[PDB]
Amino acid sequence: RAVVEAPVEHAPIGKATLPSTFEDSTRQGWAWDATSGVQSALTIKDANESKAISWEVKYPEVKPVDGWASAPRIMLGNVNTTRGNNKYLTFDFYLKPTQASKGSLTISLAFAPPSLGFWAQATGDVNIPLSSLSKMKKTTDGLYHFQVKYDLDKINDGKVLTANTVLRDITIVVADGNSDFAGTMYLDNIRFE
Ligand SMILES: OC[C@H]1O[C@@H](O[C@H]2[C@H](O)[C@@H](O)[C@H](O[C@H]3[C@H](O)[C@@H](O)[C@H](O[C@H]4[C@H](O)[C@@H](O)[C@H](O[C@H]5[C@H](O)[C@@H](O)[C@H](O)O[C@@H]5CO)O[C@@H]4CO)O[C@@H]3CO)O[C@@H]2CO)[C@H](O)[C@@H](O)[C@@H]1O
Ligand SMILES: [Ca+2]
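With the first letter of the sequence shown counted as 1, position 14 gets the number 24 in PDB author numbering; the numbers rise by one all the way through.
Written out as structure tokens, the structure reads:
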């Protein structure tokens, strides 16, 4: 299936690049998956003094049965990278809510290794409770700043990502956990470490 809307003005696609820093004002290869529930513009915005890829999202009040149907699902296609000797993939993730008081966001990471059926998903989903936010200190520009880490030795289905396993695509999903989130999201410094 494909989720479609009228043409949208994204920032320039650029070329797939890791670490993804967005400092060339391009998306560095990041784009919505064709199945992403969010298809609105991906632009490059300042976040916490650095250029970051960004989008707006307000989850539906009526929650879909499939937990990813309404989710931003952003993908770096055909990067064809490998983890090397890195234990983690990590990135800076920022929120600027206009509304956030209940439920949570569940952030998942997956890859598409051609040697592993084109899907390998990190086991360590990261949950951010929206009630935690009002107590968290914001950045100078009013964002909540997370640095999200995924242990690449914890992958579902007994699949193992070796140092040399080709990862054709990288996917990040920010799923709605029965939440009332509305506002802007941003990613930066997507990298292995
Ligand atoms: O845990 C957080 C959250 O989970 C929600 O449920 C998720 C579940 O966690 C996911 O595992 C599951 O993921 C599936 C994806 O939705 C689906 O798009 C992906 O499809 C892949 C397929 O696996 C892969 O084999 C296929 O490879 C093709 C290549 O891309 C082509 O290039 C090549 O030519 O052909 C191959 C073979 O077709 O690509 C497709 C597309 O990428 O499969 C995933 C695993 O099944 O999604 C669930 C949501 O639907 C849950 O809902 C939340 O409650 C929970 O918090
Ligand atoms: Ca940046």
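A virtual CB, placed ideally from N, CA and C, is assigned to each residue, including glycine.
Taking 7 Å as the cut-off, is the C-beta of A41 nearer than that to any heavy atom in ligand 2? Sequence index remark: in the sequence shown, residue 41 carries index 31 (1-based). The answer is no for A41.
Mind checking whether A122 and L171 have CB atoms under 8 Å apart? Within the sequence shown, residue 122 is the residue found at index 112, counting from 1. Within the sequence shown, residue 171 is the residue found at index 161, counting from 1. Going by C-beta atoms, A122 is not nearer than 8 Å to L171.
Outcome for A16 when other beta-carbon atoms lying within 10 angstroms are tallied against a minimum of 16: Within the sequence shown, residue 16 is the residue found at index 6, counting from 1. Result: exposed.
Spatially closest choice to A185 from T133, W40, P82 and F32, by CA coordinates: Residue mapping note: residue 185 aligns to position 175 of the sequence shown, counting from 1. That would be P82, whose Cα lies nearest to the Cα of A185.
Should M146 be labelled buried (16 or more other beta-carbon atoms within 10 Å of its own) or exposed? For the purposes of this step, residue 146 is taken as the residue at position 136 of the sequence shown. Its Cβ having fewer than 16 others within 10 Å, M146 is exposed.
Does the separation of the CB atoms of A57 and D198 fall below 8 Å? Position 47 of the sequence shown, counted from the first residue, corresponds to residue 57. Position 188 of the sequence shown, counted from the first residue, corresponds to residue 198. Closer than 8 Å, so yes.
Could you tell me if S144 is buried or exposed, where buried requires 16 or more neighbouring beta carbons within 10 angstroms of its beta carbon? Here residue 144 corresponds to residue number 134 of the sequence shown, with the count starting at 1. It is exposed - the Cβ of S144 has fewer than 16 other Cβ atoms within 10 Å.
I117 and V136: beta carbons closer than 8 Å? Taking the first residue of the sequence shown as position 1, residue 117 is located at position 107. Taking the first residue of the sequence shown as position 1, residue 136 is located at position 126. Their beta carbons are under 8 Å apart, which means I117 touches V136 by this criterion.
Just to confirm before moving on: does the CB-CB distance between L28 and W40 stay below 8 Å? Walking along the sequence shown from the start, residue 28 turns up at place 18. Walking along the sequence shown from the start, residue 40 turns up at place 30. No; because the gap between Cβ atoms is not below 8 Å, this pair is not in contact.
Helix, strand or coil: which one does DSSP assign to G187? Position 177 of the sequence shown, counting from 1, holds the residue named residue 187. Judged by DSSP in its simplified three-state form, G187 adopts strand.
Let me know the secondary structure DSSP gives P124 once reduced to three states. Here the question's residue 124 lines up with position 114 in the sequence shown. DSSP, reduced to helix, strand and coil, places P124 within a helical segment of the structure shown.
Which one of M85, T45, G193 and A173 has the shortest CA to CA distance from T181? Counting from one through the sequence shown, the residue named residue 181 turns up at place 171. Minimum Cα distance to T181 is reached at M85.
From residue 205 to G187, what does the alpha carbon distance come to, in whole angstroms? For the chain, the structure presents residues 11 to 203; residue 205 sits outside this window and is missing.
Are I54 and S35 closer than 8 Å when you measure CB to CB? Within the sequence shown, numbered from 1, the residue matching residue 54 stands at position 44. Within the sequence shown, numbered from 1, the residue matching residue 35 stands at position 25. Contact: yes.
With distance defined between alpha-carbon atoms, name the residue in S189, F103, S114 and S111 nearest to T149. Residue numbering aside, residue 149 sits at position 139 when the sequence shown is read from its first letter. Each of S189, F103, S114 and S111 was checked against the Cα of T149, and the nearest Cα belongs to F103.
In the DSSP assignment, find the beta strand (DSSP E) that holds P139 and state where it starts and stops. Locating residue 139 in the sequence shown gives position 129, counting from the first residue. For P139, the uninterrupted beta strand (DSSP E) segment begins and ends at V136 to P139.
Using beta-carbon positions only, say whether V176 and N90 come within less than 8 Å of one another. The residue given as residue 176 occupies position 166 in the sequence shown. The residue given as residue 90 occupies position 80 in the sequence shown. In this structure, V176 sits near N90, with a CB-CB distance shorter than 8 Å.
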